[PDB]
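Student:
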Amino acid sequence: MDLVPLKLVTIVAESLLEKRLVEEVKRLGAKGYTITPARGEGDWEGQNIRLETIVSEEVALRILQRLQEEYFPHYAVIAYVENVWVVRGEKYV
Amino acid sequence: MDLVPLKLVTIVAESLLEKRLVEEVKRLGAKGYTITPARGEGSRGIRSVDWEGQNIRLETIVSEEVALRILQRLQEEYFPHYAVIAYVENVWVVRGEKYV
Amino acid sequence: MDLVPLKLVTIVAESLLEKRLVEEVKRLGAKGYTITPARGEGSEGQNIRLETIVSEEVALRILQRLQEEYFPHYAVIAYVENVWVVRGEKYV
Ligand SMILES: [Cl-]
Ligand SMILES: [Cl-]
Ligand SMILES: [Cl-]
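Protein chains in written order, with the authors' numbering: chain B, 1 to 42, 50 to 100; chain A, 1 to 100; chain C, 1 to 43, 52 to 100.
Here it is in structure tokens:
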């Protein structure tokens, strides 16, 4: 069993911000990401996306700080982080 | 870095329940929510014409106290009549003070 | 309040793997699951995210099997989170 502790960062925002956000997390160290369509107050196309990425503790805070600084003031964004244990997670570090 | 500890409550149920579940969490104190598609065990996919057979997942960021109020309400009012999944997880949230 | 601690195992993989993965988690002890569409870089010809609430022992059994049988041959992501579940006794 190769299981290691990492962080799962989740971001919810308009789907139109996808390219920018995907670029931001890769730029900050993320080695992958998963997207799920999503919606909120007020159909799965043209709404929001839930972007998730598995990263190390340090990269997680880099991403969150970048979102708080550059995206939160100008867009409706939700961002949070959870603790996870990942199979062969060494690769995401 | 404005990060605070909160709870993420997740509810999975039939799609027709969306309106009532949203009203219910807002009534109990949640300030926002996110809906995503869910299926499995026979349920219909995201592109199906059959909307009734589709499920939805509702996620909401709330305080510890509001989380259990929501979970209790689900256990009392919804679980007895619908196939529902509901759980809670610990999260640290950017600018989370607005969800309390 | 009927709330108990369990584990939430998440697996992201090619959608054609759905059938095999569902059978694998059921075989190893999972008493239910949910599937949600998922897409990654380069976006059916798509992925799925399988989630299952299980006991801590069943979670490790599932993850072990994924590492052995699937990770070497397919592009898969698998992880576990701690969760407290309403009427969770039914998943153990
Ligand atoms: Cl954490
Ligand atoms: Cl918790
Ligand atoms: Cl855990």
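We put the beta carbon where it would ideally sit given N, CA and C, even for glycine.
Leaving out the 5 sequence neighbours to the left and right, which residues in its chain are closer than 7 Å to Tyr82(A) when beta-carbon positions are compared?
Tutor: Translated into positions along the second sequence, residue 82(A) becomes position 82. Same-chain partners within the cutoff: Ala13, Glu14, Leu17.
Student: Closest to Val9(C) by CA distance: which of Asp2(C), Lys26(C), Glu41(C), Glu52(C) is it?
Tutor: Start at 1 with the first residue of the third sequence, and residue 9(C) comes out as number 9. For the residues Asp2(C), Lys26(C), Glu41(C), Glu52(C), the minimum Cα distance to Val9(C) belongs to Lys26(C).
Student: Is it the case that the CB of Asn90(C) approaches a heavy atom of ligand 3 more closely than 8 Å?
Tutor: The residue you call residue 90(C) lines up with position 82 of the third sequence. Yes, Cβ of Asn90(C) sits closer than 8 Å to a heavy atom of ligand 3.
Student: Is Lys7(A) near ligand 2, judged by its Cβ being under 8 Å from some heavy atom?
Tutor: The residue given as residue 7(A) occupies position 7 in the second sequence. It does: the Cβ of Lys7(A) is within 8 Å (strictly closer) of some heavy atom of ligand 2.
Student: Span of the beta strand (DSSP E) holding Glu59(C)?
Tutor: For the purposes of this step, residue 59(C) is identified with residue 51 of the third sequence, where counting begins at 1. First-last of the beta strand (DSSP E) with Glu59(C): 55 to 62.
Student: Below 9 Å between beta carbons: does that hold for residue 46(C) and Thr60(B)?
Tutor: Any structural detail on residue 46(C) is unavailable, because chain C resumes at 52 straight after 43.
Student: Just checking my contact of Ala86(B) with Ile11(B) at CB under 8 Å: how many whole Å lie between their CB atoms?
Tutor: Within the first sequence, residue 86(B) is the residue found at index 79, counting from 1. Within the first sequence, residue 11(B) is the residue found at index 11, counting from 1. The Cβ separation is near 5 Å, so the contact holds.
Student: Measuring CB to CB, does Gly32(B) end up less than 9 Å from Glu41(C)?
Tutor: In the first sequence, the residue the question calls residue 32(B) occupies position 32. In the third sequence, the residue the question calls residue 41(C) occupies position 41. Against a cut-off of 9 Å, the Cβ pair of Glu41(C) and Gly32(B) comes out as a contact.
Student: What residues in the stretch 3 to 17 of chain B have a beta carbon less than 7 Å from any beta carbon of chain A?
Tutor: Listed by position along the chain: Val12.
Student: Could you list the residues in the stretch 24 to 53 of chain A with a C-beta less than 8 Å from some C-beta on chain B, going in chain order?
Tutor: Those residues of the stretch 24 to 53 of chain A that come within reach of chain B (Cβ to Cβ, closer than 8 Å) are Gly32, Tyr33, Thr34, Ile35, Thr36, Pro37, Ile46.
Student: Where does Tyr82(A) sit, in a helix, a strand or coil, going by DSSP?
Tutor: Taking the second sequence and counting its residues from 1, one reaches residue 82(A) at position 82. If DSSP states are grouped into helix, strand and coil, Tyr82(A) belongs with coil.
Student: Give the DSSP-derived three-state secondary structure of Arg39(A) in the structure shown.
Tutor: As a position in the second sequence, residue 39(A) is number 39, starting the count at 1. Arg39(A): strand per DSSP, three-state reduction.
Student: My assumption, with CB atoms under 8 Å, is that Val94(C) sits in contact with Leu6(A). Please give the rounded CB distance.
Tutor: Here residue 94(C) corresponds to residue number 86 of the third sequence, with the count starting at 1. Here residue 6(A) corresponds to residue number 6 of the second sequence, with the count starting at 1. No, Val94(C) and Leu6(A) are not in contact; Cβ-Cβ is about 18 Å, not under 8 Å.
Student: Could you tell me if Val91(B) is buried or exposed, where buried requires 16 or more neighbouring beta carbons within 10 angstroms of its beta carbon?
Tutor: Position 84 of the first sequence, counted from the first residue, corresponds to residue 91(B). It counts as buried.
Student: Under 9 Å Cβ-Cβ, which residues of chain C neighbour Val88(A)?
Tutor: Counting from 1 along the second sequence, the entry for residue 88(A) is found at position 88. Correct list: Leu3, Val91, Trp92, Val93, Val94.
Student: Taking the alpha-carbon positions, what's the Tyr99(C) to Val4(C) distance?
Tutor: Translated into the one-based positions of the third sequence, residue 99(C) becomes position 91. Translated into the one-based positions of the third sequence, residue 4(C) becomes position 4. Each residue's alpha carbon lies about 10 Å from the other.
Student: What are the residues that DSSP puts in a beta bridge with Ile11(B)?
Tutor: Residue numbering aside, residue 11(B) sits at position 11 when the first sequence is read from its first letter. DSSP output for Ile11(B) lists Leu58(B), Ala86(B) as bridge partner(s).
Student: Is the beta carbon of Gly96(C) sitting closer than 9 Å to the one on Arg69(C)?
Tutor: As a position in the third sequence, residue 96(C) is number 88, starting the count at 1. As a position in the third sequence, residue 69(C) is number 61, starting the count at 1. Against a cut-off of 9 Å, the Cβ pair of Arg69(C) and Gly96(C) comes out as no contact.
Student: Specify the secondary structure class of residue 109(C) as computed by DSSP and reduced to three states.
Tutor: The structure shown has nothing for residue 109(C), since chain C only spans 1 to 100.
Student: Taking the alpha-carbon of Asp50(B) as reference, which of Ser63(A), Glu89(A), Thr36(A) has the nearest alpha-carbon?
Tutor: By one-based count along the first sequence, residue 50(B) stands at place 43. Closest by alpha carbon: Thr36(A).
Student: Using a beta-carbon distance below 9 Å, is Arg57(A) in contact with chain C?
Tutor: By 1-based counting over the second sequence, the position of residue 57(A) is 57. Output row for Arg57(A): interface = yes.
Student: What residues in its chain sit with their C-beta under 6 Å from that of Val88(B), if we drop five residues either side in the sequence?
Tutor: Mapped onto the first sequence, residue 88(B) falls at position 81. Hits under 6 Å: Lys7, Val9, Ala67.
Student: With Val62(A) and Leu74(A) assumed to form a contact (beta carbons below 8 Å), what rounded beta-carbon distance in angstroms separates them?
Tutor: Locating residue 62(A) in the second sequence gives position 62, counting from the first residue. Locating residue 74(A) in the second sequence gives position 74, counting from the first residue. Not a contact, Cβ separation roughly 13 Å.
Student: With 8 Å as the limit, tell me which residues of the stretch 56 to 75 of chain B have their beta carbon closer than that to any beta carbon of chain C; keep them in chain order.
Tutor: The stretch 56 to 75 of chain B vs chain C, Cβ under 8 Å: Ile61.
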